[PDB]
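See below for the structure under consideration.
With ideal geometry, Cβ positions are generated from the backbone for all residues, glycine too; neighbour counts draw on all protein chains shown. No value in this document is a laboratory result; all are computed from the given coordinates.
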Amino acid sequence: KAXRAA
Amino acid sequence: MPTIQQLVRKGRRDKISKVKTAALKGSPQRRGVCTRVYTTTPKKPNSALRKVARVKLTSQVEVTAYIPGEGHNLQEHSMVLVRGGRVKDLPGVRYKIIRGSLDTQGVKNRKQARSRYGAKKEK
Amino acid sequence: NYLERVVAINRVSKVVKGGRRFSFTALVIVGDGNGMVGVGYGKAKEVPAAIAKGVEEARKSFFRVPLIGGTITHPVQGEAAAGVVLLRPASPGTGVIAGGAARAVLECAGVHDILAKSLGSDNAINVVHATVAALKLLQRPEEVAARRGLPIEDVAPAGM
Amino acid sequence: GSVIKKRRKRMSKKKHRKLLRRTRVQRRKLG
Amino acid sequence: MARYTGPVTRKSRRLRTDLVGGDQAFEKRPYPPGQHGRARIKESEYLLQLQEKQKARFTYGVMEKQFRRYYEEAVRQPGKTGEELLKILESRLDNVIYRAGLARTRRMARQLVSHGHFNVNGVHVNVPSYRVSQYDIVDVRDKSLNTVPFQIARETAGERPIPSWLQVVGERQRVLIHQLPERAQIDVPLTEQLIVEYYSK
Amino acid sequence: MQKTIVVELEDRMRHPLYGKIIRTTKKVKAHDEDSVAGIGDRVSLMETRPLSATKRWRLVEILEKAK
Amino acid sequence: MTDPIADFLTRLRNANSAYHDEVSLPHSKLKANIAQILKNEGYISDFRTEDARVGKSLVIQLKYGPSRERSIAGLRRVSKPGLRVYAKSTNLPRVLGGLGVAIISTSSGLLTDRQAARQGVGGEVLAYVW
RNA sequence: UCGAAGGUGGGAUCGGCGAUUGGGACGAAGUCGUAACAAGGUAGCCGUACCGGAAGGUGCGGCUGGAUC
RNA sequence: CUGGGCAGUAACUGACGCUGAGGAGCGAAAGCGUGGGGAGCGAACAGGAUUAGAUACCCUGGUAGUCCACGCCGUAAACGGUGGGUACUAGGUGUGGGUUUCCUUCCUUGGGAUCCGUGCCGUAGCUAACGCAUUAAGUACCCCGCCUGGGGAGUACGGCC
RNA sequence: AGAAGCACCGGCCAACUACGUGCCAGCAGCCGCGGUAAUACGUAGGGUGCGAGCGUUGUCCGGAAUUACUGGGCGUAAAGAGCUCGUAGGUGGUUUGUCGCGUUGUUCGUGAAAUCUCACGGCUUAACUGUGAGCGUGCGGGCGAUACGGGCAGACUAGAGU
RNA sequence: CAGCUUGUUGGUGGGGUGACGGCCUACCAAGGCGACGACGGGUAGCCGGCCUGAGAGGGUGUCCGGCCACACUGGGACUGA
């Protein structure tokens, strides 16, 4: 996937 | 403003340029405890990992310092000598450490720019 | 025949439905070393063609400077439509100081004693135009004698 | 257009006012 | 704060002119300073003016830090600053000896002076940079006799025309300066104004 | 104030840089043993030894009396 | 309404810009004396001390004639009613060396820069003629 | 008499901690909408009041940095 | 009932002028208090339609409100996006008010002069350009006011209302 | 014989060819480079600059006319208070004569020395020191004029007002 | 930070002081400062001068030199020119 946004 | 009489009524003052550091009253360089080594990602148009650490200075303040050169010998300790500089790609980065000073060793196998990265003459 | 000085080239673009039309142009100036200085801009797809056109424009337009030896009469405020350049004789001078490409103009003029500085816009083109304006605002003592009688009586121990 | 200069302030005041209509009461009045 | 101490071809070709020469009139080579020097090069006022400053620097063999001191002095003085620079440089001891032709090279002239071969009015000086005024007579060191570069040097003195502002006795080589050292009026192989402007930016 | 008169000291000085001439207004204590002046009158004052809180000024001359 | 010198001079600036014939203005002491000085310099043409009805008047002739070229470059007033500027005899204006004649009011009266230098006396620097 | 240091007691002022809480900023591809730029599909805007989860919408009045004309 | 302004006259004073921080006052619509009124309209609201969805448009009906008496808040393109005053500089064309000349009836109530105000086009000049241009965004003085990268923010802490 | 190193090298900004490398590693003061052919990363070599100093960081000034007296702006670029009034303060027409406060000119004192400029001279030169002059922008006192400003006394009138 | 000020403001008298002096002090009067920034907060030894800058100005005031204050903290006094 993600961690940031996405 | 104009109107000399207005200038006497009210004096003048320039745009205050901010103090660019909290390095112990802006003293050139300071000793850091050197903790919390992370290798974080800069802004989108960079595609790289850059070595930093959240270290504590003599002011009792946690700051983000850049780790120049390839490699390192740090384990969230081994105090560092911190100096100025910027990156612009790493929001929060405001300081740098000197490789090859106080604890940390210099950068190995570097031949150019011996005066930096803790590098030395072949001796 | 004349000295050549060249201002930093720029690049323009006329956009079309199918993209761009890059074209080059660079302001060029020339001078005989005696103030008879020509200015031409030109423009073309070819760098040399625009250049030659500029040379031709310069040859089509020169101004004769009221120089004294190698310098000017009085200080002048080269206020153009855009640019602003103020400068003074610097009666000793013993050198030529001005900003970028103004100096080139001065070298085409053949002067040796100027203290000048550019203010306002740094867009070199209008900087030049301001310089030109200043020069056209210059005037000789004997031309002042046309404005007012009794010549000679001024403040100029040198002259020559 | 020049309208852009006005929109940021439009939105800013809007969130301010909205934030306070959400608390015109002891949620804010007590402080 | 010390002597260049190296090959001349690296700078004479870099500046695209034989600054001095020596035993050879010039290397009889082209105009590519080094490896890729044969390619054309784009110009700048900084490049150009810099090169001219280097021409004086190596022509006289003085380092920058001292040169700027002389520059300061020239600026302080009235008259054309470039001309003032050259005249100041002409008061240099090694310069008047070189112009007297008492050594194969300027480097040789400075070595001799630096080792005291040419004393002054009453002092065994060893300073290349000593300012030599009017009536500031060079005394040839007595110990320098029975050696080469004063007798053979005298015999070969014709290679450097004596500057018109001074008279060398030859018999005693009493470099006697009569007038001020107006080298600006004679044998100027480079520019001065570009240097004057250069140190202003 | 009983044997002392408040007087407006009028003066004038330029700003160090801008140079604009502006007037300066100070207050003084015209101590004197006999008040012989009203209000608005021009009076000549002179410096002497301190007497009370600074009390340097003294009443000397009455001139250009008020309407 | 104030600063008569500004109207005095700026009316000239309009006339110079437009190449009109002459400028008519209310008469006053300083206006007349200054006009005479400028005439002495030769920047202006002749001028008249007329007197219409309500008070006196002045008429200053525009100086030109070699060509459409006027003989008057322009001007600027430097002592403003609020910024009075006075100078000492040894730091006097050196505006357009010689050319930029400033009119100075000294203990003796109105005069030129050179005359002021010769007398060695300062005073108020009213305005510049270019 | 004066009067330190100290004590009692209450106030002022500055600062730090503070669960929790709101907002702000930033961050390759996050999730539901698609208001704005064309008349941007209901023309947009300023101020004002109400409503909705959001862009926002709505009403009185105002301007053109606005259709057609 | 009552304010203000303009032209002509030049009877009177004889610089008593201009600006104006801080301060005082007036200040659309919306909104708020108390009380009246309440046709129509019409936020909210409800329902129907539309839409994948539509707490929006569309339609129906419809509260507050709009209105009046007395009070508060004192905001907005409260905009000519142009502080006030003063003097000066190509013209022309239209218009409003008033005075006065030639044609003095050629009736025309024309043309012309003059003072204010108004809208247009336009010389110079200015302006980054757009544009302004005798109502200047030109020449030039005085006074006041305001900024000094965008955001964070005209918000927070504080204080006044 | 017995004593040369350091920094940099895409542009800005003198200062480059290749190797290795292959959005990774890693460099960077701003723009920024590296996604298998990097003149911007690591290395060699080449060159440039300075030179027993050379580079980095930090700090102040300038460069910045981006607080603008000299020397900037406010039609749309951020900026003209919503408008008016009016206090303090600012400012204030023609003019006689006056005071000479301001200003100007002169003169005395003052403004220490060292430091700074200039010119000489001395340490083998330089730095440095030394001599002398200048500078010491500036105050008071005294001395003349009175232009302009200002104050007082007063007048005219167009300003403004009635 | 806009209201600060009863030893404050002024006088008389007296003392005291090297000395004029609400310095002190008995009595009497009710003033005084302040938006041409009171009271208060923050920051700081000052200057000749150092550095910058074309200069106007800015920054700084470290050595040297002059001046002022302090001497573990606070307070008071003697001797004494």
Query raised in the report: Is it true that some residue in region B:65-74 is acidic (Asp, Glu), more than 16 Å from RNA strand H (Cβ to nearest atom) and over 19 Å from B:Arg116 (Cα atoms)?
Result: no
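To keep it simple, each residue is scored yes or no on (1) within 24 Å of the chain's Cα centre (by Cα); (2) within 10 Å of chain G (Cβ to nearest Cβ); (3) in a loop (DSSP other than H, G, I, E, B).
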position	(1), (2), (3)
C:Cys108	yes, no, no
C:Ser118	yes, no, no
C:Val128	yes, no, no
C:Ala133	yes, no, no
C:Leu138	yes, no, yes
C:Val144	yes, yes, no
C:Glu153	no, yes, yes
Report task. State whether the residues of region C:30-50 include one that is part of a loop (DSSP other than H, G, I, E, B), away from chain G (no Cβ under 14 Å) and of a type in the set (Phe, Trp, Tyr). Result -> yes
Report task. Please determine, by comparing only the residues of region G:58-84 that are within 21 Å of C:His74 (Cβ to Cβ) and loosely packed, with under 14 Cβ neighbours inside 10 Å, which one is farthest from RNA strand K (Cβ to nearest atom). Result -> G:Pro66
Query - Residue within region B:20-32 that is within 16 Å of RNA strand H (Cβ to nearest atom) and more than 14 Å from chain F (Cβ to nearest Cβ) present - result: yes
Report summary line: Counted residues in region E:29-81 being outside any helix (DSSP H, G or I) and of a type outside the set (D, E, K, R) come to 17
Report task. Please specify each residue of region F:28-43 satisfying the condition of being aliphatic (A, V, I, L, M) and surrounded by 15 or more Cβ atoms within 10 Å (Cβ to Cβ). Result -> F:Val28, F:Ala30, F:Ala37, F:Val43
Query raised in the report: So which residues in region C:44-65 are crowded, with 16+ Cβ neighbours inside 10 Å and either within 30 Å of E:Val75 (Cβ to Cβ) or of a type in the set (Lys, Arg) (or both)?
Result: C:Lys53, C:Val65
Requested in this report: Test G:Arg114 against the criterion of being among the charged types (D, E, K, R), within 14 Å of chain C (Cβ to nearest Cβ) and away from RNA strand I (no atom under 16 Å from the Cβ), and give yes or no.
Outcome: yes
Query raised in the report: Tally time: how many residues in region E:87-101 are in contact with a helix residue (DSSP H, G or I) (Cβ under 6 Å, 6 or more places away or on another chain), on the phi < 0 side of the Ramachandran plot and surrounded by fewer than 22 Cβ atoms within 10 Å (Cβ to Cβ)?
Result: 2
Query raised in the report: Across region C:88-106, which residue is farthest from the chain's Cα centre (by Cα) among those that are buried (at least 18 other Cβ atoms within 10 Å of the Cβ) and assigned to a strand (DSSP E or B)?
Result: C:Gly95
Report summary line: Exception for B:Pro42 within (1) within 14 Å of chain A (Cβ to nearest Cβ); (2) within 16 Å of RNA strand I (Cβ to nearest atom) falls at (2)
Report summary line: Of the residues in region E:42-60, those that are more than 14 Å from E:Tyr198 (Cβ to Cβ), surrounded by fewer than 21 Cβ atoms within 10 Å (Cβ to Cβ) and touching a helix residue (DSSP H, G or I) at 6+ places or on another chain (Cβ under 9 Å) come to E:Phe58, E:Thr59
